[PDB]
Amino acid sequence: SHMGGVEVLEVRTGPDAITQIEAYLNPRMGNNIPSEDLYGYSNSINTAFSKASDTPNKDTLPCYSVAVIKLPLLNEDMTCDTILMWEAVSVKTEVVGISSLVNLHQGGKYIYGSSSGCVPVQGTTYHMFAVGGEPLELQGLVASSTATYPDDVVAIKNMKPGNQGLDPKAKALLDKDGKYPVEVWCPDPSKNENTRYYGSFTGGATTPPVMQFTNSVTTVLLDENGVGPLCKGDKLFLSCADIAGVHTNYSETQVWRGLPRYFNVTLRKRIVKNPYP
């Protein structure tokens, strides 16, 4: 016999330089307050009278969700040659409540006749998430520049037909939860150096939604130079939109259905040359 190693499993505290945060963001489909009957859905989609006259009603436009996570304070002040910053290195994220769509008894349009189950959520889907050290930078682009957007959303200022394409003046920050419509704003690829975003769109009138879920998948956030998002002011920005599709009522009115998203982000303390004047 001899002395040798055996690997024992035990609870390990990570080093002090590493932290994990967890958060969930509830959808902002238009009914955005938990007490509302249609929480998690938009109001009925009202369609344009004409191109000239297209006025979506209040709460009919799905908007991005965003949360700002306050991270542990790293610096006494900002006066040294270097400072400490949290660097986001990886994320596990999941759309929660996918199985809620496996429901054919909810009141709606019938698949066949009134003896059958009801048509489930389907049609256009849009799933995106972002993790950044500052607000996600947005580019404005719309289907129609003559749409009149309601007061409670942030739309493009002085919208003109050029906004049906890319006008570099149409830019915003995703700095408010449930205020920036998905149909008006998309991530700005000419910026976002300090954010990672990922998105998937499938269109079509009645297309079946497709979603996966697992707790086994991690997305590494390091860029091509091996650096993750660096959290300015010790703030982590989590952004998403998860439009599952539309639910159709028996009367054939339709409402958008959104689902919440969970994030679990690992961050590490980094020494960084002081970027603050």
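The numbering used is simple: start at 1 and walk along the sequence shown.
Mean C-alpha B-factor is higher over 7 to 15 than over the other stretch, the pair under comparison being 7 to 15 and 250 to 258.
Here the stretch with the larger average CA B-factor, out of 48 to 56 and 23 to 31, is 48 to 56. Taking the PDB entry at face value, the top CA B factor among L74, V91, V119, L101 belongs to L74. When the C-alpha B factors of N225, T214, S239, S42 are read from the deposited coordinates, the top value falls at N225.
Ranked within its chain, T146 lands in the highest third, by CA B factor from the PDB record. Split the chain's modelled residues into thirds by C-alpha temperature factor. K171 is in the middle one.
In this PDB entry, the Cα temperature factor of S200 sits in the bottom third of its chain's modelled residues, the lowest group. Among the modelled residues of its chain, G245 has a C-alpha B-factor that falls in the lowest third according to the deposited record. When the modelled residues of the chain are ordered by their C-alpha B factor, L84 lands in the middle third.
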